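Quick notes on the structure that follows.
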Amino acid sequence: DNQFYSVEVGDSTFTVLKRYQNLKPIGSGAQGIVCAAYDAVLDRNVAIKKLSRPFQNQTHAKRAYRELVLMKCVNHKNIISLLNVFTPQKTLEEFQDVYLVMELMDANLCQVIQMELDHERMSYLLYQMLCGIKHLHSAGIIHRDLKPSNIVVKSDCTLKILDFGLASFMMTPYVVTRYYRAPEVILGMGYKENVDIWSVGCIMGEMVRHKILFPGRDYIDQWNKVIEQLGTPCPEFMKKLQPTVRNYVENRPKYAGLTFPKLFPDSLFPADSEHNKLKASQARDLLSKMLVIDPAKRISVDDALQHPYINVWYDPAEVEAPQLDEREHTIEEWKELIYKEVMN
Ligand SMILES: CCCn1c(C2CCN(C)CC2)nc(-c2ccc(Cl)c(Cl)c2)c1-c1ccnc(NC2CC2)n1
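Under the authors' numbering, the residues of the sequence shown are numbered 45 to 211, 217 to 371, 379 to 400, in order.
Following this line, the structure appears as structure tokens:
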């Protein structure tokens, strides 16, 4: 008379509470498998993610624990919130998997980037990313790794950021996507709240150009794509660099960089009406303020929410609302740390 039941999804097995029915695979990754399902108790559709032995290594462990803890430090409609969390295993000894449940979303941002969007939807999406990021910043959480695959949306244009960002080695078959990381993350320097504004601009630019702005096999290639388009950083920016890195970037070919009208031509923006012509100008303006290599001169979250392109959606109720853990542990220690959290 178990509260759970098991289902075969891929070469994987999902053991979930009986309230969740008609599971259907919708996504996978190096941290877990996601399924769509009907929650008969809430009479609502939901997404369920399985973390298989998240304590298996430090990488998986730190992330799972941080996110389990963080999800409690945040309360915002543009940030993921759990509906349920559970484990089919009855004791710590037997503990293996953690199931996370949230509201079923319709698509990720990669899909949205593939489409042509009016200014109303693009700015509304951007406005939401900003409200979420602002909320995280208010809770002392600087993300540093925002990316489209981790952002989901619904048909009504509503948006949720799914993870909490950065805090080593793993043997996963697939690498990490770094195309949206700021210069400061890429060059390992100090950083502030607006490190996330660079990521918002890589996304916004991609929604326009429909192509990853700064691709590359690694940080070497990536940095080359950054300077070839925006140009070599100002001399002062360099003084903020470690002598070694600084040597490397200071000794890199000096690029003039392109103007934003060239980087994002009018052809990419809908110029069939005065309204669309004005909005295109305002969008390019925001891009030029967000894609700024030197964090000292890059617009902040609050000022971006005040930019004309974004400001039309401003709402005090949405812009303002509002434990310590650090070190590393052994597998065993992590297993218990996560179990406790799961059992609350
Ligand atoms: C394609 C599915 C998108 N998605 C992802 C992915 C994030 C990036 N990695 C690499 C792969 C999985 N994680 C969750 C997710 C994250 C946290 C929790 Cl607690 C739960 Cl249940 C689900 C959801 C999602 C969530 C809701 N709706 C959807 N579906 C939209 C694409 C259909 N996906």
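C-beta atoms are modelled at their ideal positions from N, C-alpha and C, and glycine is treated no differently.
Delimiting residues of the alpha helix (DSSP H) encompassing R165: Taken as a continuous stretch (DSSP letters only), the alpha helix (DSSP H) holding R165 covers 163-182.
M339 CB to nearest heavy atom of ligand 1 below 7 Å: no
CB contact flag (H181, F208, <8 Å): No; because the gap between Cβ atoms is not below 8 Å, this pair is not in contact.
Check: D150 C-beta below 7 Å from any heavy atom of ligand 1: Yes, the beta carbon of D150 sits closer than 7 Å to at least one heavy atom of ligand 1.
Candidates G73, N89, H120, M115, of which the one nearest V368 by Cα: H120
Reference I123; option with closest CA among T202, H163, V224: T202
Beta-carbon proximity check, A183 vs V118, cutoff 8 Å: Yes; because the gap between Cβ atoms is below 8 Å, this pair is in contact.
Inter-residue spacing [alpha-carbon to alpha-carbon] between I269 and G76: 29 Å
Length at least 3, wholly inside the region 330-358: the beta strand (DSSP E) runs in chain order: If one requires a minimum length of 3 residues, no beta strand (DSSP E) run lies completely within the region 330-358.
Neighbourhood of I70 by C-beta, 8 Å cutoff - its chain only, sequence neighbours within 5 removed: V78, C79, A80, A91
Same chain, Cβ closer than 8 Å to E242, neighbours up to 5 away in sequence not counted: Excluding positions up to five away in sequence, the list reads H181, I186, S349, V350.
Residue environment, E389, which counts as buried when at least 16 other CB atoms sit within 10 Å: exposed
Distance cut-off 7 Å: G71 Cβ against heavy atoms of ligand 1: The answer is yes for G71.
Beta-carbon proximity of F48 to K68, cut-off 8 Å: no
8 Å CB neighbourhood of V129 in its chain, flanking five on each side removed: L112, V142, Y143, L144, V145, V398
Opening and closing residue of the alpha helix (DSSP H) in which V275 lies: 268-279
Whether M256 touches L336 by CB criterion (8 Å): no
Bridge partners - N152, DSSP secondary structure assignment: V196
Closer than 7 Å: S193 CB and nearest ligand 1 heavy atom: yes
Own chain residues within Cβ distance below 8 Å of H356, not counting five before or after: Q331, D334, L335, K338, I348
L153: CB within 7 Å of a non-hydrogen atom of ligand 1: no
Contact test: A91 Cβ vs ligand 1 heavy atom, cutoff 7 Å: yes
The region 272-290 in contact with the region 298-307 per 3-pair CB rule at 8 Å: The region 272-290 is in contact with the region 298-307.
Sufficient close CB pairs (3 or more, under 8 Å) joining the region 147-161 to the region 227-246: no
With 16 other Cβ atoms within 10 Å as the buried cut-off, status of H104: buried
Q278 and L317 closer than 8 Å at C-beta: no
C-beta contact flag for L148 and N89 at 8 Å: yes
Backbone secondary structure at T103 - three-state DSSP: Of the three classes helix, strand and coil, the one that applies to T103 here is helix, per DSSP.
Distance, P365 Cα to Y168 Cα: 15 Å
Cβ-Cβ separation, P232 to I342 (assumed contact under 8 Å), whole Å: 5 Å
Per-residue burial, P264 [other beta carbons within 10 Å of its own, 16 or more giving buried]: Under this definition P264 is an exposed residue.
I157 Cβ short of 7 Å to ligand 1 heavy atom set: no
Same chain, Cβ closer than 7 Å to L312, neighbours up to 5 away in sequence not counted: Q278
Pairwise C-alpha distance: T131 and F58: 11 Å
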